[PDB]
Amino acid sequence: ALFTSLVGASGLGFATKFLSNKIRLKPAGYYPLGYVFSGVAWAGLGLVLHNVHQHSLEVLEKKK
Amino acid sequence: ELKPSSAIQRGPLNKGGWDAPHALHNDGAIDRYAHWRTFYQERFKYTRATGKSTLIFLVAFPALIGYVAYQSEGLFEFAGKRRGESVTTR
Amino acid sequence: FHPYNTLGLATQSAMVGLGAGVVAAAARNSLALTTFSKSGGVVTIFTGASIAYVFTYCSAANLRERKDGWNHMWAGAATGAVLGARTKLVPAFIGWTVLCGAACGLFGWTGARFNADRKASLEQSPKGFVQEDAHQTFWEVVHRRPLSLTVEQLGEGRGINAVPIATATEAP
Amino acid sequence: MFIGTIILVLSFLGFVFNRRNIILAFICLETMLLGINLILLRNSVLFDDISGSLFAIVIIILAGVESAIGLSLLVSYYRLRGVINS
Amino acid sequence: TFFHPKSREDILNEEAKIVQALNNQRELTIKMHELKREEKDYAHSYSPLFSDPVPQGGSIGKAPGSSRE
Amino acid sequence: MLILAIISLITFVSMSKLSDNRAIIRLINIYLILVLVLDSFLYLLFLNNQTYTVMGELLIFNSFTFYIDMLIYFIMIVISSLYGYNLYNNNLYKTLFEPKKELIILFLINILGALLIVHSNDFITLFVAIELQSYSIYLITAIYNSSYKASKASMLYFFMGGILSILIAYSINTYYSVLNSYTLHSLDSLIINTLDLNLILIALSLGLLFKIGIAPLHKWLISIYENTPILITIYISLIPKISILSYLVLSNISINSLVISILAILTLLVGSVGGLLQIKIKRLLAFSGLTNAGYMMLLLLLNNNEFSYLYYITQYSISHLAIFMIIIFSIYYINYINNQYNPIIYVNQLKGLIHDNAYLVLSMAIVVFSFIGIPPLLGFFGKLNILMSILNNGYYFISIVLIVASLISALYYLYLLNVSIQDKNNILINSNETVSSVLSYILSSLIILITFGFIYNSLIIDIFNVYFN
Amino acid sequence: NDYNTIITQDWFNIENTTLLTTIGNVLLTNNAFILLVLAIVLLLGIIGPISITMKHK
Amino acid sequence: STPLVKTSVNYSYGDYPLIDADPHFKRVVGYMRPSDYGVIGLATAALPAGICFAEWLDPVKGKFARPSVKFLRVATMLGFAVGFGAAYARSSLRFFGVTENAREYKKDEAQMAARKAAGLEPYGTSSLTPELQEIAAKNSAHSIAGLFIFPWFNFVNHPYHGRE
Ligand SMILES: CCCCCCCCCCC(CCCCCCCCCC)(CO[C@H]1O[C@@H](CO)[C@H](O[C@@H]2O[C@@H](CO)[C@H](O)[C@@H](O)[C@@H]2O)[C@@H](O)[C@@H]1O)CO[C@H]1O[C@@H](CO)[C@H](O[C@@H]2O[C@@H](CO)[C@H](O)[C@@H](O)[C@@H]2O)[C@@H](O)[C@H]1O
Ligand SMILES: CCCCC/C=C/C/C=C\CCCCCCCC(=O)O[C@H](COC(=O)CCCCCCCCCCCCCCC)COP(=O)([O-])OCC[N+](C)(C)C
């Protein structure tokens with residue numbers, strides 16, 4: 001499901017932001033707008049991967 | 001001229017906790033005996049006795065059990081064997 | 001199996017080992033008539049390893065009339081004996097013997113080759129499920145094997161019988 | 001094939017067994033490239049083929065730039081130490 | 001009364017569907033493995049446009065008779 | 001884009017002052033990001049494994065080289081960020097990490113050389129690209145000329161690279177003399193059966209492989225890696241490995257080679273065993289690189305190695321970048337800076353890092369256990385694919401040796417974590433200083449990739465089946 | 001390699017094309033890419049020595 | 001304008017019909033869609049916006065300062081270059097029949113028919129000899145694949161366009 005992929009990729013973005021805060025010796029919610037930013041960016045990458053994969057499946061099926 | 005940042009303030013690592021009264025009266029002789037027994041592997045050497053025990057337990061005993069177990073494989077069947085019948089299959 | 005000519009092959013191995021030890025000695029010299037004085041006996045190392053390995057390998061292969069990893073195990077044992085004699089200690093001699101023998105036995109078991117035997121490999125072999133009633137080859141798989149093959153390979157007993165029990169013990 | 005091969009091998013042995021100087025090392029590099037190129041050009045002629053000579057020209061140019069960069073590296077190395085004791 | 005397991009037939013059907021998907025994957029897997037080892041056309045594998053493998057050499061001293069098929 | 005960047009950058013760096021170095025490098029970082037994102041759609045050309053010969057049959061373009069190209073851009077972006085941004089704003093770090101004026105141009109030119117090595121369809125292009133990369137990498141080694149060790153390193157590198165380049169040129173010319181050709185495309189199964197090219201092709205492979213430092217010619221490269229500035233070592237230890245290995249994988253000129261088999265075995269053994277007694281961080285990492293180069297060398301003995309090699313090279317690039325970045329970050333908590341080119345040198349200098357930065361040690365643990373190959377980290381799947389390939393092709397003894405070498409190298413991989421989770425007496429109390437946001441985010445992204453890449457494995461294989469079949 | 005090669009004539013070449021002209025022809029048309037990459041290599045041969053032998057500012 | 005070598009005819013690089021295997025620079029820029037100009041504009045804005053945001057995230061000298069005008073001018077220049085490269089690539093990919101190309105296909109059919117009506121060559125007349133035309137074709141064919149590495153274009157009016 002596309003929605004599930006976007007949620008998952010956004011979760012990866014949140015994980016990256018949280019790990020970045022902790023690596024800076026900062027509180028987990030140090031700059032809460034960064035969570036939104038990183039989640040949006042990683043959701044974009046997840047969407048790109050999803051579209052490429054769907055196109056690949058389409059091509060594989062069309063040769064039948 | 002290369003020195004860590006003055007911005008850093010370093011304090012002690014204290015582990016915290018409540019120092020309990022010391023309920024064991026350590027015996028130095030027992031501790032040394034325990035340490036010797038615990039790290040015996042660091043000082044093991046191959047001699048006549050040690051080699052003898054090695055060649056017994058790691059070689060001779062496994063060979064005996066292997067001969068028994070491969071010689072006797074499938075040899076016996078006991079379930080409900082009656083008089084006159086052979087309990088051996090070969 | 002037709003025999004290895006142990007004498008000849010061992011002689012060629014002696015020659016190769018002597019040359020290799022010579023090359024190692026020349027290198028050793030360059031990196032450090034004194035070349036053999038300050039050799040460290042490397043010429044002897046090479047010569048003895050060569051003669052031991054080749055002679056024991058051919059000897060064992062000829063005696064057993066087989067070619068497999070066990071011959072390499074024996075040959076590695078001999079080579080390790082040679083290399084561990086240099087320690088002049090019985091435990092180290094035994095350790096070199098047994099461990100070099102084990103390592104070379106593993107080597108001979110895998111094929112006694114560093115690269116691959118391409119024709120026997122899975123990528124170049126018949127694989128997948130076999131057809132109607134064909135004999136099983138090494139890499140192929142079935143859904144059912146013939147019971148006679150089971151009885152011959154595994155052996156009779158321990159629940160391996162020619163006929164299923166219930167069939168055999170059926171009354172009429 | 002003969003002159004080029006021998007220049008290559010003798011320059012290689014000069015390079016390896018150099019225990020005299022680093023300039024000998026530079027020179028062995030250059031002369032190796034020379035021998036490679038001579039073999040190449042003889043083969044070009046024997047085949048009446050232009051690809052051999054084209055690669056010879058490219059080697060010439062690259063050996064030029066390699067010499068330039070190598071001497072610059074040697075100078076930068078010297079700037080710190082004042083002397084090349086090899 | 002509190003035990004409400006799924007029916008035996010439903011369990012068998014669901015596992016059979018899973019195994020069918022698994023066998024489909026095995027077949028696709030073996031298929032791709034075979035197709036990768038088949039050989040492609042020169043256009044697909046080397047050059048789509050200019051799909052002639054045959055060279056034409058130099059054109060200055062073009063000698064009648066040098067062409068050979 | 002790369003040529004245009006090089007030209008513009010030469011103009012600007014000529015006309016800019018020494019204080020503008022970091023701003024210029026940020027500019028190029030963003031430019032490369034923009035190219036990577038806007039021009040990515042050219043993948044579509046490679047659908048069905050369509051191959052294109054370009055520039056009059058000098059360059060070859062397929063999905064494989066497109067992927068290697070994208071990977072090289074990603075690596076360049078990460079590496080340029082380390083120079084374009086300050087970890088900390090104190091005087092010490094201005095002294096520790098300052099970019100030279102011409103460093104960025106050298107980086108871009110070496111990247112161009114690597115891309116031309118990857119795409120090379122003809123031996124003349126191969127040789128010119130090899131020499132371009134070799135010269136640029138000599139200069140990158142030598143650009144920090146205040147360091148005695150860096151200058152000594154650049155000179156040793158010049159000489160060893162020159163000899164290997166002469167071996168390569170000799171191999172190319174022998175191939176010409178036998179076949180009157182400069183292309184491997186002229187080779188066919190009939191030709192390989194008819195003629196014994198084994199000696200020539202193995203000499204060419206060996207000349208290329210000794211340039212990335214496979215045993216028994218390793219030590220000169222490990223010494224160079226040890227003696228260069230740390231931010232230089234992060235680059236010179238990676239890009240040449242990628243380019244040379246990718247070219248060799250794409251060319252497939254040593255299939256079932258007995259000599260490559262023996263040398264790959266030897267490289268595994270030396271990389272695993274020799275790194276055990278190391279006490280310096282960068283020598284430990286260089287022996288790591290040697291063992292991993294062995295793992296990749298194994299893939300040169302077989303056909304259809306594209307998936308395993310791409311997966312392995314990608315995960316290795318990520319792990320290598322991440323471990324170097326972690327070592328870099330851990331510099332802020334050491335109490336002794338050894339010198340201005342290599343601030344931290346000995347593994348024991350990390351002792352007790354978990355008490356200073358717990359999550360830095362968490363990241364360190366993750367990357368180390370990726371290197372060891374603990375599932376479900378990326379390293380495990382990389383090794384799994386490699387084992388699948390080599391066992392499918394009957395390399396049984398080499399598989400046993402690979403097992404043994406991974407076991408042995410786990411010891412000096414865990415040495416780092418071991419000293420890192422030990423305890424230090426003087427524990428950071430507080431600090432106002434913030435690590436730079438950008439590099440911390442990049443390090444975190446690498447860590448999250450290593451940790452959660454495996455969820456995309458099946459999607460990746462599905463994509464692969466349509467672009468490489 | 002003791003035998004002698006037969007040198008034969010033919011008349012198919014009407015131009016005055018020598019080795020230099022043919023090298024120019026192939027280098028500037030069939031291999032223009034090699035030429036431009038050599039331009040980059042010479043550019044390196046300029047930038048590098050300046051970068052390491054000169055101390056800016 | 002007679003071809004010296006044989007080429008594939010209407011080869012499928014993708015799911016869509018082939019318009020031109022090696023389109024001329026003027027055609028590729030001439031067939032560009034408003035979306036491609038949007039791409040150019042987006043790159044031109046993005047690159048200096050990128051440098052400014054990067055300065056925001058991690059200031060070069062501790063204290064935020066807007067990047068100087070020299071760098072911003074640089075930024076616009078290089079961003080336009082990236083945008084134009086991307087847009088050219090998109091249009092060429094349309095020409096190969098890799099992306100959707102109905103509009104471009106129709107426009108090409110009309111233009112070719114008009115040129116044939118005028119008696120002109122379908123791909124124009126070249127100031128080069130045919131051998132140099134084949135060499136220029138073999139140098140420019142599919143050169144867009146290396147957009148990441150080097151820019152190369154077709155500026156030569158050759159006949160090897162892969163059509164009938
Ligand atoms: C977990 C511990 C790991 C250690 C054990 C691994 C060692 C593997 C040994 C097993 C194995 C590879 C199996 C690999 C399977 C997966 C690998 C496992 C993981 C890899 C780590 C290597 O078998 C080797 O055994 C050596 C002897 O030990 C031989 O040594 C050499 O001997 C002399 C040369 O002739 C020289 O004198 C000298 O060169 C050495 O002396 C080698 O020649 C031989 O290849 C067997 O492979 C082969 O087996 C044969 C018949 O079995 C198969 O063909 C069959 O043909 C008919 C009959 O032939 C059958 O009718 C037919 O049905 C079947 O088609 C082959 O298709 C092939 O498959
Ligand atoms: C909006 C544009 C942004 C795209 C920028 C890409 C930058 C690449 C930078 C670094 C490489 C990093 C990881 C590459 C991913 C492989 C893509 C692919 O699928 O690999 C396949 C080939 O599989 C292979 O051989 C094996 C690849 C080995 C990957 C090892 C890591 C696996 C775990 C990574 C998980 C992904 C993170 C997602 C988190 C939400 C090539 O796919 P393709 O050639 O068709 O191009 C993709 C279409 N594209 C151009 C639009 C992006």
# chains A, B, ... in the order shown; residues from 1 in each chain; ligands from 1
>>> select_by_dssp(residues="chain B", states="strand (DSSP E or B)", output="PyMOL selection string")
chain B and resi 8-12+76+88
>>> residues_near_ligand(ligand="ligand 1", cutoff="6 Å", atoms="only C-alpha atoms and all ligand atoms", output="list in words")
residues 67, 68, 69, 108, 109, 110, 111, 112, 120, 136, 137 and 138 of chain C; 396, 397, 399 and 400 of chain F
>>> write_last_selection(atoms="N, CA and C atoms", output="JSON list (two decimals), in the first residue's frame")
[["chain", "number", "residue", "atom", "x", "y", "z"],
["C", 67, "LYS", "N", 42.09, -41.85, -5.30],
["C", 67, "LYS", "CA", 42.46, -40.44, -5.38],
["C", 67, "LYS", "C", 41.35, -39.62, -4.75],
["C", 68, "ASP", "N", 41.63, -39.04, -3.59],
["C", 68, "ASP", "CA", 40.64, -38.30, -2.81],
["C", 68, "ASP", "C", 41.39, -37.42, -1.82],
["C", 69, "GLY", "N", 40.66, -36.83, -0.88],
["C", 69, "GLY", "CA", 41.26, -35.90, 0.06],
["C", 69, "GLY", "C", 42.15, -36.55, 1.10],
["C", 108, "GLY", "N", 41.97, -31.08, 0.25],
["C", 108, "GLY", "CA", 41.74, -32.19, -0.66],
["C", 108, "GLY", "C", 40.28, -32.60, -0.72],
["C", 109, "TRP", "N", 39.55, -32.43, 0.38],
["C", 109, "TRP", "CA", 38.14, -32.78, 0.39],
["C", 109, "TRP", "C", 37.35, -31.87, -0.54],
["C", 110, "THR", "N", 37.63, -30.56, -0.51],
["C", 110, "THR", "CA", 36.91, -29.61, -1.35],
["C", 110, "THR", "C", 37.24, -29.76, -2.83],
["C", 111, "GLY", "N", 38.29, -30.51, -3.18],
["C", 111, "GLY", "CA", 38.61, -30.72, -4.57],
["C", 111, "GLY", "C", 40.09, -30.61, -4.87],
["C", 112, "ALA", "N", 40.88, -30.29, -3.85],
["C", 112, "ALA", "CA", 42.32, -30.11, -4.00],
["C", 112, "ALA", "C", 42.64, -29.06, -5.05],
["C", 120, "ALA", "N", 31.78, -29.53, -13.11],
["C", 120, "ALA", "CA", 31.06, -30.20, -12.03],
["C", 120, "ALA", "C", 30.22, -29.24, -11.19],
["C", 136, "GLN", "N", 18.84, -40.03, -10.42],
["C", 136, "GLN", "CA", 19.24, -38.81, -9.73],
["C", 136, "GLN", "C", 20.71, -38.51, -9.89],
["C", 137, "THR", "N", 21.00, -37.31, -10.36],
["C", 137, "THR", "CA", 22.36, -36.82, -10.33],
["C", 137, "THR", "C", 22.52, -35.88, -9.14],
["C", 138, "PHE", "N", 23.78, -35.53, -8.88],
["C", 138, "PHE", "CA", 24.17, -34.92, -7.62],
["C", 138, "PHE", "C", 23.34, -33.69, -7.27],
["F", 396, "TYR", "N", 34.28, -24.19, -3.45],
["F", 396, "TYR", "CA", 34.01, -24.71, -2.12],
["F", 396, "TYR", "C", 35.09, -24.31, -1.14],
["F", 397, "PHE", "N", 36.35, -24.57, -1.49],
["F", 397, "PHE", "CA", 37.43, -24.24, -0.57],
["F", 397, "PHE", "C", 37.51, -22.74, -0.32],
["F", 399, "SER", "N", 35.00, -20.73, -0.27],
["F", 399, "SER", "CA", 33.92, -20.42, 0.66],
["F", 399, "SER", "C", 34.33, -20.73, 2.10],
["F", 400, "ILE", "N", 34.98, -21.88, 2.31],
["F", 400, "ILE", "CA", 35.47, -22.20, 3.65],
["F", 400, "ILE", "C", 36.45, -21.14, 4.13]]
>>> residues_near_ligand(ligand="ligand 2", cutoff="7 Å", atoms="only C-alpha atoms and all ligand atoms", output="ChimeraX atom specification")
/A:9,12,42-43,45-46,48-49,52 /F:36-38,40-41,43-44,63,66-67,70-71,74,306-307,310-311,314-315,378,449,453-454,456-457,460-461,463-464,467
>>> write_last_selection(atoms="N, CA, C and O atoms", output="short mmCIF file (atom, residue, chain, number, x, y, z; two decimals), in the first residue's frame")
data_model
loop_
_atom_site.label_atom_id
_atom_site.label_comp_id
_atom_site.auth_asym_id
_atom_site.auth_seq_id
_atom_site.Cartn_x
_atom_site.Cartn_y
_atom_site.Cartn_z
N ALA A 9 8.57 5.18 5.23
CA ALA A 9 9.68 6.05 4.88
C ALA A 9 9.74 7.27 5.79
O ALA A 9 10.83 7.69 6.21
N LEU A 12 11.38 6.26 8.84
CA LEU A 12 12.83 6.29 8.69
C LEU A 12 13.38 7.71 8.83
O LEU A 12 14.43 7.92 9.44
N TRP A 42 12.31 11.89 3.46
CA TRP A 42 12.40 10.44 3.33
C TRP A 42 11.12 9.85 2.76
O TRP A 42 11.18 8.84 2.05
N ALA A 43 9.97 10.47 3.01
CA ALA A 43 8.75 10.03 2.35
C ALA A 43 8.82 10.27 0.85
O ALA A 43 8.31 9.48 0.06
N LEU A 45 11.61 10.12 -0.95
CA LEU A 45 12.44 9.03 -1.48
C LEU A 45 11.67 7.72 -1.53
O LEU A 45 11.78 6.96 -2.50
N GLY A 46 10.90 7.42 -0.48
CA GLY A 46 10.09 6.22 -0.50
C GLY A 46 9.10 6.22 -1.65
O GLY A 46 8.90 5.20 -2.31
N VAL A 48 9.44 7.78 -4.51
CA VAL A 48 10.19 7.56 -5.74
C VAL A 48 10.46 6.07 -5.94
O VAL A 48 10.26 5.52 -7.03
N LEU A 49 10.92 5.41 -4.88
CA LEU A 49 11.18 3.97 -4.97
C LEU A 49 9.90 3.22 -5.31
O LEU A 49 9.93 2.27 -6.10
N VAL A 52 9.06 3.67 -9.03
CA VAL A 52 9.98 2.90 -9.87
C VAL A 52 9.64 1.42 -9.81
O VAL A 52 9.62 0.73 -10.83
N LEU F 36 22.27 14.88 -9.16
CA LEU F 36 21.85 13.54 -8.80
C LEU F 36 20.34 13.42 -8.81
O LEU F 36 19.79 12.43 -9.30
N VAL F 37 19.64 14.44 -8.31
CA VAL F 37 18.19 14.36 -8.23
C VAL F 37 17.49 14.70 -9.55
O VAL F 37 16.48 14.07 -9.89
N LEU F 38 17.99 15.67 -10.31
CA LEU F 38 17.29 16.10 -11.52
C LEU F 38 17.58 15.22 -12.72
O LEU F 38 16.72 15.09 -13.60
N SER F 40 18.45 11.93 -12.54
CA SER F 40 18.34 10.51 -12.21
C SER F 40 17.46 9.77 -13.20
O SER F 40 17.68 8.58 -13.45
N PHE F 41 16.49 10.45 -13.80
CA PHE F 41 15.50 9.77 -14.63
C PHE F 41 16.10 9.11 -15.86
O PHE F 41 15.41 8.35 -16.53
N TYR F 43 17.79 6.73 -15.94
CA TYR F 43 17.81 5.29 -15.75
C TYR F 43 16.90 4.59 -16.75
O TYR F 43 17.15 3.45 -17.13
N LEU F 44 15.90 5.26 -17.07
CA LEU F 44 14.90 4.67 -17.95
C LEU F 44 15.49 4.18 -19.27
O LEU F 44 14.91 3.30 -19.91
N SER F 63 22.99 -0.29 -17.48
CA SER F 63 22.47 -0.06 -16.14
C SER F 63 23.57 -0.15 -15.09
O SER F 63 23.60 0.64 -14.14
N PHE F 66 25.65 3.02 -14.99
CA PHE F 66 24.80 4.08 -14.47
C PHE F 66 24.71 4.01 -12.95
O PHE F 66 24.82 5.03 -12.26
N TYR F 67 24.53 2.81 -12.41
CA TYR F 67 24.48 2.66 -10.96
C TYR F 67 25.81 3.01 -10.31
O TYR F 67 25.84 3.71 -9.29
N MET F 70 26.05 6.76 -10.17
CA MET F 70 25.27 7.39 -9.11
C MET F 70 25.92 7.18 -7.76
O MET F 70 25.96 8.10 -6.93
N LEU F 71 26.42 5.98 -7.52
CA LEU F 71 27.09 5.69 -6.26
C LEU F 71 28.29 6.59 -6.06
O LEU F 71 28.53 7.10 -4.96
N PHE F 74 27.13 9.99 -5.00
CA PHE F 74 26.73 10.01 -3.60
C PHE F 74 27.95 10.08 -2.69
O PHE F 74 27.98 10.86 -1.73
N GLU F 306 26.66 -9.41 -11.19
CA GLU F 306 26.29 -8.00 -11.13
C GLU F 306 25.55 -7.69 -9.84
O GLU F 306 25.88 -6.72 -9.15
N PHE F 307 24.56 -8.50 -9.47
CA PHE F 307 23.77 -8.19 -8.29
C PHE F 307 24.61 -8.25 -7.03
O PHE F 307 24.59 -7.33 -6.20
N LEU F 310 27.12 -5.32 -6.93
CA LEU F 310 26.53 -4.01 -6.68
C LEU F 310 26.08 -3.87 -5.24
O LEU F 310 26.36 -2.87 -4.58
N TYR F 311 25.38 -4.88 -4.73
CA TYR F 311 24.94 -4.85 -3.35
C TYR F 311 26.13 -4.71 -2.41
O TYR F 311 26.12 -3.88 -1.49
N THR F 314 27.86 -1.22 -2.62
CA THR F 314 27.06 -0.15 -2.03
C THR F 314 27.11 -0.20 -0.52
O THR F 314 27.40 0.80 0.15
N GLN F 315 26.83 -1.38 0.05
CA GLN F 315 26.85 -1.46 1.50
C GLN F 315 28.24 -1.20 2.05
O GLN F 315 28.38 -0.60 3.12
N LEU F 378 23.07 -4.57 6.69
CA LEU F 378 23.39 -4.73 5.27
C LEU F 378 24.56 -5.68 5.06
O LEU F 378 24.58 -6.44 4.08
N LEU F 449 20.45 3.82 7.09
CA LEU F 449 20.52 2.95 5.92
C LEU F 449 21.07 1.58 6.29
O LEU F 449 20.46 0.56 5.98
N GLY F 453 18.08 -1.08 5.81
CA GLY F 453 18.05 -1.31 4.38
C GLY F 453 17.37 -2.60 4.00
O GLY F 453 16.76 -2.69 2.93
N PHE F 454 17.44 -3.61 4.86
CA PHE F 454 16.97 -4.94 4.52
C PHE F 454 15.47 -5.01 4.23
O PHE F 454 15.02 -5.97 3.60
N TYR F 456 13.94 -3.29 2.21
CA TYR F 456 13.79 -3.03 0.79
C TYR F 456 14.44 -4.09 -0.08
O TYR F 456 14.58 -3.88 -1.29
N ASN F 457 14.86 -5.22 0.49
CA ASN F 457 15.62 -6.20 -0.28
C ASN F 457 14.80 -6.76 -1.43
O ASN F 457 15.29 -6.88 -2.56
N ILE F 460 14.27 -4.25 -4.12
CA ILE F 460 15.50 -4.06 -4.88
C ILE F 460 15.69 -5.19 -5.88
O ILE F 460 16.07 -4.95 -7.03
N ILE F 461 15.46 -6.43 -5.46
CA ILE F 461 15.66 -7.53 -6.40
C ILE F 461 14.64 -7.48 -7.53
O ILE F 461 14.95 -7.82 -8.67
N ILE F 463 13.39 -4.68 -8.85
CA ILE F 463 13.90 -3.67 -9.77
C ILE F 463 15.06 -4.22 -10.58
O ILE F 463 15.14 -4.06 -11.81
N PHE F 464 15.97 -4.90 -9.89
CA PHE F 464 17.15 -5.44 -10.53
C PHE F 464 16.78 -6.39 -11.65
O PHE F 464 17.40 -6.38 -12.72
N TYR F 467 16.03 -4.28 -14.72
CA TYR F 467 17.05 -3.45 -15.33
C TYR F 467 18.32 -4.19 -15.71
O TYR F 467 19.11 -3.67 -16.50
#
>>> interface_residues(of="chain G", to="chain D", cutoff="9 Å", atoms="only C-alpha atoms", output="list in words")
residues 19, 22, 23, 26, 27, 34, 38, 41, 42, 44, 45, 46, 48, 49, 50, 52 and 53 of chain G
>>> write_last_selection(atoms="N, CA and C atoms", output="PDB file, in the first residue's frame")
ATOM      1  N   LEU G  19      52.125   9.502 -41.942  1.00  0.00           N
ATOM      2  CA  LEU G  19      51.793   9.087 -40.589  1.00  0.00           C
ATOM      3  C   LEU G  19      51.196  10.237 -39.789  1.00  0.00           C
ATOM      4  N   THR G  22      47.545  10.985 -40.919  1.00  0.00           N
ATOM      5  CA  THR G  22      46.608   9.960 -40.476  1.00  0.00           C
ATOM      6  C   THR G  22      46.372  10.040 -38.977  1.00  0.00           C
ATOM      7  N   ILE G  23      47.424  10.325 -38.204  1.00  0.00           N
ATOM      8  CA  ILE G  23      47.252  10.485 -36.765  1.00  0.00           C
ATOM      9  C   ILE G  23      46.337  11.662 -36.475  1.00  0.00           C
ATOM     10  N   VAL G  26      42.610  10.552 -37.391  1.00  0.00           N
ATOM     11  CA  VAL G  26      41.915   9.679 -36.454  1.00  0.00           C
ATOM     12  C   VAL G  26      41.755  10.359 -35.102  1.00  0.00           C
ATOM     13  N   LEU G  27      42.793  11.044 -34.619  1.00  0.00           N
ATOM     14  CA  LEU G  27      42.725  11.697 -33.320  1.00  0.00           C
ATOM     15  C   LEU G  27      41.670  12.790 -33.275  1.00  0.00           C
ATOM     16  N   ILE G  34      39.150  11.065 -26.965  1.00  0.00           N
ATOM     17  CA  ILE G  34      40.479  10.884 -26.396  1.00  0.00           C
ATOM     18  C   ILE G  34      41.224  12.207 -26.375  1.00  0.00           C
ATOM     19  N   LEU G  38      42.593  14.109 -23.105  1.00  0.00           N
ATOM     20  CA  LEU G  38      43.988  14.518 -22.997  1.00  0.00           C
ATOM     21  C   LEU G  38      44.101  15.991 -22.645  1.00  0.00           C
ATOM     22  N   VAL G  41      43.801  16.046 -19.062  1.00  0.00           N
ATOM     23  CA  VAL G  41      45.024  15.553 -18.430  1.00  0.00           C
ATOM     24  C   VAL G  41      46.101  16.634 -18.416  1.00  0.00           C
ATOM     25  N   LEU G  42      46.214  17.402 -19.498  1.00  0.00           N
ATOM     26  CA  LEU G  42      47.189  18.488 -19.504  1.00  0.00           C
ATOM     27  C   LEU G  42      46.766  19.596 -18.551  1.00  0.00           C
ATOM     28  N   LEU G  44      45.321  19.051 -15.753  1.00  0.00           N
ATOM     29  CA  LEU G  44      45.857  18.531 -14.499  1.00  0.00           C
ATOM     30  C   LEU G  44      47.350  18.795 -14.388  1.00  0.00           C
ATOM     31  N   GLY G  45      48.089  18.552 -15.468  1.00  0.00           N
ATOM     32  CA  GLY G  45      49.516  18.808 -15.466  1.00  0.00           C
ATOM     33  C   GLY G  45      49.872  20.266 -15.267  1.00  0.00           C
ATOM     34  N   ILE G  46      48.899  21.162 -15.409  1.00  0.00           N
ATOM     35  CA  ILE G  46      49.105  22.564 -15.043  1.00  0.00           C
ATOM     36  C   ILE G  46      48.683  22.835 -13.601  1.00  0.00           C
ATOM     37  N   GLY G  48      48.103  20.881 -10.938  1.00  0.00           N
ATOM     38  CA  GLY G  48      48.740  20.162  -9.862  1.00  0.00           C
ATOM     39  C   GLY G  48      50.032  20.786  -9.376  1.00  0.00           C
ATOM     40  N   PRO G  49      50.999  20.951 -10.283  1.00  0.00           N
ATOM     41  CA  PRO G  49      52.276  21.552  -9.874  1.00  0.00           C
ATOM     42  C   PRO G  49      52.110  22.893  -9.198  1.00  0.00           C
ATOM     43  N   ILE G  50      51.194  23.723  -9.683  1.00  0.00           N
ATOM     44  CA  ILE G  50      50.918  24.982  -9.009  1.00  0.00           C
ATOM     45  C   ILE G  50      50.381  24.724  -7.616  1.00  0.00           C
ATOM     46  N   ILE G  52      50.867  22.299  -5.519  1.00  0.00           N
ATOM     47  CA  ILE G  52      51.748  21.746  -4.494  1.00  0.00           C
ATOM     48  C   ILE G  52      53.104  22.442  -4.397  1.00  0.00           C
ATOM     49  N   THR G  53      53.523  23.212  -5.405  1.00  0.00           N
ATOM     50  CA  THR G  53      54.789  23.932  -5.307  1.00  0.00           C
ATOM     51  C   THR G  53      54.636  25.384  -4.902  1.00  0.00           C
TER      52      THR G  53
END
>>> residues_around(residues="residue 417 of chain F", least_positions_apart="2", cutoff="9 Å", atoms="only C-alpha atoms", output="list in words")
residues 361, 364, 365, 368, 413, 414, 415, 419, 420, 421 and 422 of chain F
>>> residues_around(residues="residue 34 of chain A", least_positions_apart="5", cutoff="12 Å", atoms="only C-alpha atoms", output="PyMOL selection string")
(chain A and resi 13-21+28-29+39-41) or (chain F and resi 437-438+441) or (chain H and resi 57)
>>> closest_atom_pairs(of="chain G", to="chain E", cutoff="8 Å", atoms="only C-alpha atoms", output="tab-separated table")
residue	atom	partner	partner_atom	distance
G:12	CA	E:63	CA	5.5
G:13	CA	E:61	CA	4.6
G:14	CA	E:61	CA	7.2
G:15	CA	E:60	CA	7.6
